[PDB]
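So you can see what is in the structure, the chains are spelled out below.
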Amino acid sequence: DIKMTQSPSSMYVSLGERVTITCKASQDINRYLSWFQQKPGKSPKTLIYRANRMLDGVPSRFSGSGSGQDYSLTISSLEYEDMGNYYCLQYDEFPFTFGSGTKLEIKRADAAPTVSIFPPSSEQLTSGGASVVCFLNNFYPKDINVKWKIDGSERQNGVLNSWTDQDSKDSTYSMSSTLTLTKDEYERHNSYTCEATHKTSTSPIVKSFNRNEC
Amino acid sequence: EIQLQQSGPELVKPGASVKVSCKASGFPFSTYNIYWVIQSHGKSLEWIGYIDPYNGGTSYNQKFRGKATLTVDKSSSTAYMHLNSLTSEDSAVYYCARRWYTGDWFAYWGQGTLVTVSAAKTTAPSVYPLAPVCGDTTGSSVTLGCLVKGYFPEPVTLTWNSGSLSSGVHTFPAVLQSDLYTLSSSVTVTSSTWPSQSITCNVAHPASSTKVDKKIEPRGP
Ligand SMILES: [Zn+2]
Ligand SMILES: [Zn+2]
Ligand SMILES: [Zn+2]
Ligand SMILES: [Zn+2]
Ligand SMILES: [Zn+2]
Ligand SMILES: [Zn+2]
């Protein structure tokens, strides 16, 4: 089998900057090297074939180069729509070999999260469960920590966290945190709090509610 | 229009078999071929095999030669991939792709078929509206939520106002726990929009043929 090494695995790049991604094959592949872009939930799309040949419908800022074992994809000036994943492909011999991929993420100014907290719905309570949900929307950078507290006491069990991909329109990130309790455990306590620690603030951003206040 | 269209998502048991299809339409005469690709976890891709007279006929990646069988209905240009000896590692998105010869490149790809290999039971989701905390609104903007809890298998689709409310929407990837997925979505609109105007989250879970609408209502005492 022909093996491939692609680098970097990820990178942060500003708008208008020159991006280079490289790929090394374990043997001479005679420039049978193609480059692909893949956006979230979508199929791969060819950018370049036979190492440097370009395609109608692919913007001129994309170019490829190399020969023998060593190849590179260049974006001469990064644009918002270039956010996504990129793969090289050797097709000198089948089985063809994709690189491990490069995640391209865009730099922006730091941004504090917008935090919203949601008590259990009446429907879920009637069914016997109690999920508390906290949204942390539109923050940057990606690194964030969420802590739940009940009656002032941190709770770590029963929490599920999920992060979006980089926002395709403002380059921020969002995350959702769900604390799932039984209805009776929910009813044995009064104050429910989700707090976010982030680079944009020395102190956490705290959203709280009381199980009976309005 | 020139396109490849694959069959819908699957749930199949360990040790069983599955057959997915890929229909080609609009292509020029005398150019039929098909290649099949697997992508796990939205990350690495690998090639399973192909049917292509210009590349030597029908061939398999050694890794998949035992379990995969590629066939084609040449009349309708429909490709089929049959996989057996299914294991959890076969849970993945499967793509078809067609080589376009001029140089050549993989000019057309199918939209992918999600296959889940699991013995766990299909489970329709509970869908819960998330209204803000009880009380007067504090600010010029308001964020509502929809919670889609305890379903199996993937996928689910979620919209707000049947898709007409699209900006300000953040729908989060599902997270799997104890053979059950949970997904949520937040939407943010100006205070003068809600509750003045109706906002509803629409959830579909194809495995259970579920389609549910939950209107977001202001909380009570
Ligand atoms: Zn430009
Ligand atoms: Zn605290
Ligand atoms: Zn957004
Ligand atoms: Zn307790
Ligand atoms: Zn169409
Ligand atoms: Zn079979």
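Reading guide: rules and limits
- Residues numbered from 1 in each chain as written, not as in the entry; some residues may be left out.
- Chains lettered and ligands numbered in written order.
- Heavy atoms only, no water.
- Helix = DSSP H or I, 4+ residues; strand = E, 2+ residues; numbered from the N terminus.
- Rg over C-alpha atoms; globule rule 2.2 N^0.38 Å.
- Buried < 20%, exposed > 50% of the residue type's maximum accessible area, 1.4 Å probe, protein only.
- Contact = heavy atoms within 4.5 Å.
- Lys, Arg positive; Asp, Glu negative; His and termini not counted.
- Charge placed at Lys NZ, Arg CZ, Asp CG, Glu CD.
- Donors = N, O, S within 2.8 Å, 3.2 Å for Na, K, Ca; no water.
- Pairing = 2+ DSSP bridges.
- Domains from an automatic or database assignment.
- Buried area = accessible area lost by both parts, 1.4 Å probe.
- Salt bridge = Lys/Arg side-chain N within 4 Å of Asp/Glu carboxyl O.
- Polar contact = N/O pair within 3.5 Å; in protein donor to acceptor, adjacent residues only side chain to side chain.

The PDB entry annotates chain B as Heavy chain of Fab fragment originating from Mus musculus. This deposition appears in the PDB under the title "Crystal structure of the anti-human prostaglandin E receptor EP4 antibody Fab fragment".

Per the PDB entry, chain A carries the name Light chain of Fab fragment and comes from Mus musculus.

### Some points on the overall build of chain A
Helices and strands together make up the secondary structure of chain A, namely two helices and 19 strands. Computed over C-alpha atoms, the radius of gyration of chain A comes to 23 Å, more than 25% over the 17 Å expected from 2.2 N^0.38 for 214 residues, which places it beyond the range of a compact globule. Dimensions of chain A, computed from the C-alpha atoms along their principal axes, are close to 70 × 35 × 30 Å. For chain A, the residues scored as buried account for 48% of the 214 residues in total. Within chain A, contacts between residues separated by at least 24 positions form 60% of all contacts whose residues are at least 6 apart in sequence. Within chain A, the 24 negative side-chain charges are centred at a point lying 2 Å from the centre of the 23 positive side-chain charges.

### Some remarks on the coordination of the zinc ion (ligand 3)
Protein-derived coordination of the zinc ion (ligand 3) comes from A:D167 (OD) and B:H170 (NE2), at a distance range of 1.9 to 2.2 Å. A residue pair is termed interchain when its members come from two chains, as with A:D167 in the loop between β16 (159–163) and β17 (173–182) and B:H170 in strand β15 (residues 169–171). Residue A:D167 is classed as buried on the basis of its relative accessible area of 17%. We classify B:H170 as buried; its relative accessible area is 12%.

### Remarks on the pairing of β16(A)
Residues and elements named next belong to chain A. The side-chain alternation of β16 yields one buried face, formed by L160 and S162, and one unburied face, formed by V159, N161 and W163. In the sheet, β16 pairs with β17 via five bridges, with the strands oriented antiparallel. Among the inter-strand pairings, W163 is bridged to a residue of β17, identified as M175.

### Observations concerning the domain arrangement of chain A
Residues and elements named next belong to chain A. Assigned domains of chain A: these are domain 1 (1–108) and domain 2 (109–211). Listed by partner, the interface residues are nine residues for domain 1 and 13 residues for domain 2. Here domain 1 and domain 2 share an interface that buries about 910 Å² over both sides, 42% of which is from carbon and sulfur atoms. Scanning the region where domain 1 abuts domain 2 turns up one salt bridge.

### A look at the domain arrangement of chain B
Residues and elements named next belong to chain B. Here chain B is described as being made up of domain 1 (1–119) and domain 2 (120–215). Spacing between the C-alpha centres of domain 1 and domain 2 amounts to 33 Å. Scanning the region where domain 1 abuts domain 2 turns up zero salt bridges. Remark: the boundary between domain 1 and domain 2 carries one residue pair in polar contact.

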